[PDB]
Every structure is written in C-alpha cells, then in structure tokens.
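**Student:** Got coords.txt for you, compact mmCIF, C-alpha atoms:
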```txt
# COMPACT_ATOMS: atom_id res chain seq x y z
CA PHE A 103 0.00 0.00 0.00
CA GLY A 104 0.94 3.61 0.56
CA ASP A 105 1.42 6.92 -1.21
CA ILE A 106 4.57 7.88 -3.10
CA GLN A 107 6.27 11.29 -2.86
CA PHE A 108 9.67 12.50 -4.02
CA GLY A 115 0.93 9.36 -6.37
CA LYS A 116 -0.49 6.04 -5.19
CA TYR A 117 1.30 2.77 -5.94
CA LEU A 118 0.28 -0.84 -5.39
CA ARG A 119 1.98 -4.20 -5.70
CA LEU A 120 -0.61 -6.77 -6.75
CA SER A 121 -0.63 -10.32 -8.09
CA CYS A 122 -1.26 -11.08 -11.76
CA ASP A 123 -3.99 -13.66 -11.08
CA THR A 124 -6.51 -11.19 -9.64
CA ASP A 125 -9.68 -10.36 -11.53
CA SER A 126 -10.11 -6.88 -12.97
CA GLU A 127 -13.54 -6.26 -11.43
CA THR A 128 -12.34 -5.81 -7.85
CA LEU A 129 -9.49 -3.67 -9.20
CA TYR A 130 -12.11 -1.48 -10.89
CA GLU A 131 -14.10 -1.39 -7.64
CA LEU A 132 -10.95 -0.31 -5.78
CA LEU A 133 -9.96 2.33 -8.30
CA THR A 134 -13.47 3.81 -8.64
CA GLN A 135 -15.06 3.44 -5.19
CA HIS A 136 -12.11 4.24 -2.91
CA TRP A 137 -10.50 6.46 -5.57
CA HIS A 138 -11.56 8.86 -8.37
CA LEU A 139 -14.57 8.69 -10.68
CA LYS A 140 -15.46 6.95 -13.95
CA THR A 141 -14.56 7.65 -17.60
CA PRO A 142 -16.14 8.74 -20.87
CA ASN A 143 -12.95 7.61 -22.63
CA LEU A 144 -9.87 5.47 -22.07
CA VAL A 145 -6.70 5.96 -24.11
CA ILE A 146 -3.88 3.41 -23.98
CA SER A 147 -0.34 3.90 -25.26
CA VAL A 148 2.20 1.16 -25.96
CA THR A 149 5.90 2.15 -25.69
CA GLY A 150 8.47 1.02 -23.13
CA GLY A 151 10.78 -1.37 -24.87
CA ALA A 152 12.48 1.79 -26.13
CA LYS A 153 15.04 2.80 -23.52
```
Before anything else, please render the file you have as structure tokens.
**Tutor:**
Amino acid sequence: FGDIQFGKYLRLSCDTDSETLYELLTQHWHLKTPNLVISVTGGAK
C-alpha cells in the first residue's frame, strides 16, 4: 500500500480479476470515464 512522494502505488498479483481492481480504483478512488486511451511504448530505452 501507501502513497509515493519525491501518487499512489500498489503491488498486486497477476492472477486477480479486474472487477475488484475497478471497484478499488473507482469506489475508494476517483470517478469513472467517458474515454480510455492506452499507449504502448516502453521497450524503447
């Protein structure tokens, strides 16, 4: 758990279902979305 300061980070297992992650990130945290944009890059150092 815990905040990050120099945001909110979380270590979580891969085998969890996405519905309780959505319930975490929308109920305990900020609101819903009209849109969701994804970007793929990160193999480029």
**Student:** Kindly give the distance, in Å, that separates atom CA of residue A:131 and atom CA of residue A:147, rounded to a single decimal.
**Tutor:**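 So the two atoms, atom CA of residue A:131 and atom CA of residue A:147, lie 23.0 Å apart.
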**Student:** Write out as a ChimeraX atom specification each polymer residue whose atoms come within 12 Å of residue A:130, counting only C-alpha atoms; drop sequence neighbours fewer than 6 positions from it.
**Tutor:** /A:124,136-141
**Student:** Would you place a box with edges along x, y and z of the file around all atoms of stretch 122-136 of chain A listed there, add 8 Å to each of its six sides, and report the centre and edge lengths in Å to one decimal, as AutoDock Vina command-line options?
**Tutor:**
```
--center_x -8.2 --center_y -4.7 --center_z -7.9 --size_x 29.8 --size_y 33.9 --size_z 26.1
```
**Student:** In Å, how far is it from atom CA of residue A:128 to atom CA of residue A:146?
**Tutor:**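 Taking atom CA of residue A:128 as the start and atom CA of residue A:146 as the end point, the length is 20.4 Å.
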**Student:** Starting from the sparse input, extend stretch 107-129 of chain A to N, CA, C and O atoms and give the output as an mmCIF file, in the coordinates of the input.
**Tutor:**
```
data_model
loop_
_atom_site.group_PDB
_atom_site.id
_atom_site.type_symbol
_atom_site.label_atom_id
_atom_site.label_comp_id
_atom_site.auth_asym_id
_atom_site.auth_seq_id
_atom_site.Cartn_x
_atom_site.Cartn_y
_atom_site.Cartn_z
ATOM 1 N N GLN A 107 5.888 9.891 -2.743
ATOM 2 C CA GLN A 107 6.270 11.290 -2.860
ATOM 3 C C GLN A 107 7.776 11.372 -2.998
ATOM 4 O O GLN A 107 8.505 10.537 -2.459
ATOM 5 N N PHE A 108 8.243 12.379 -3.728
ATOM 6 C CA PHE A 108 9.670 12.500 -4.020
ATOM 7 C C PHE A 108 10.261 13.765 -3.404
ATOM 8 O O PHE A 108 11.049 14.469 -4.038
ATOM 9 N N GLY A 115 1.580 10.477 -5.710
ATOM 10 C CA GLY A 115 0.930 9.360 -6.370
ATOM 11 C C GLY A 115 0.616 8.208 -5.439
ATOM 12 O O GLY A 115 1.035 8.204 -4.285
ATOM 13 N N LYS A 116 -0.126 7.228 -5.941
ATOM 14 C CA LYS A 116 -0.490 6.040 -5.190
ATOM 15 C C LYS A 116 -0.018 4.814 -5.955
ATOM 16 O O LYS A 116 -0.387 4.630 -7.119
ATOM 17 N N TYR A 117 0.799 3.986 -5.316
ATOM 18 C CA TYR A 117 1.300 2.770 -5.940
ATOM 19 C C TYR A 117 0.691 1.554 -5.255
ATOM 20 O O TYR A 117 0.154 1.634 -4.149
ATOM 21 N N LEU A 118 0.784 0.412 -5.935
ATOM 22 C CA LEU A 118 0.280 -0.840 -5.390
ATOM 23 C C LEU A 118 0.988 -2.008 -6.046
ATOM 24 O O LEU A 118 1.067 -2.080 -7.275
ATOM 25 N N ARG A 119 1.514 -2.910 -5.225
ATOM 26 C CA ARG A 119 1.980 -4.200 -5.700
ATOM 27 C C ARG A 119 0.835 -5.200 -5.587
ATOM 28 O O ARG A 119 0.223 -5.336 -4.523
ATOM 29 N N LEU A 120 0.548 -5.892 -6.684
ATOM 30 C CA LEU A 120 -0.610 -6.770 -6.750
ATOM 31 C C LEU A 120 -0.280 -7.958 -7.638
ATOM 32 O O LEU A 120 0.524 -7.843 -8.566
ATOM 33 N N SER A 121 -0.886 -9.101 -7.336
ATOM 34 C CA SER A 121 -0.630 -10.320 -8.090
ATOM 35 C C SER A 121 -1.294 -10.264 -9.457
ATOM 36 O O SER A 121 -2.284 -9.557 -9.664
ATOM 37 N N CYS A 122 -0.734 -11.023 -10.399
ATOM 38 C CA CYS A 122 -1.260 -11.080 -11.760
ATOM 39 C C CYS A 122 -2.584 -11.821 -11.854
ATOM 40 O O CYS A 122 -3.384 -11.515 -12.743
ATOM 41 N N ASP A 123 -2.838 -12.773 -10.963
ATOM 42 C CA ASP A 123 -3.990 -13.660 -11.080
ATOM 43 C C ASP A 123 -5.264 -13.078 -10.480
ATOM 44 O O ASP A 123 -6.247 -13.809 -10.339
ATOM 45 N N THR A 124 -5.278 -11.798 -10.122
ATOM 46 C CA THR A 124 -6.510 -11.190 -9.640
ATOM 47 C C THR A 124 -7.419 -10.827 -10.803
ATOM 48 O O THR A 124 -6.971 -10.630 -11.936
ATOM 49 N N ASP A 125 -8.717 -10.776 -10.525
ATOM 50 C CA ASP A 125 -9.680 -10.360 -11.530
ATOM 51 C C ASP A 125 -9.772 -8.838 -11.580
ATOM 52 O O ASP A 125 -9.527 -8.145 -10.590
ATOM 53 N N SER A 126 -10.132 -8.324 -12.756
ATOM 54 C CA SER A 126 -10.110 -6.880 -12.970
ATOM 55 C C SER A 126 -11.306 -6.179 -12.339
ATOM 56 O O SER A 126 -11.282 -4.951 -12.210
ATOM 57 N N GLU A 127 -12.344 -6.919 -11.938
ATOM 58 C CA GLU A 127 -13.540 -6.260 -11.430
ATOM 59 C C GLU A 127 -13.334 -5.685 -10.038
ATOM 60 O O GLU A 127 -13.788 -4.569 -9.762
ATOM 61 N N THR A 128 -12.609 -6.385 -9.163
ATOM 62 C CA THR A 128 -12.340 -5.810 -7.850
ATOM 63 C C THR A 128 -11.276 -4.723 -7.936
ATOM 64 O O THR A 128 -11.258 -3.815 -7.099
ATOM 65 N N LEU A 129 -10.432 -4.760 -8.970
ATOM 66 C CA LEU A 129 -9.490 -3.670 -9.200
ATOM 67 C C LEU A 129 -10.236 -2.417 -9.644
ATOM 68 O O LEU A 129 -9.912 -1.303 -9.219
#
```
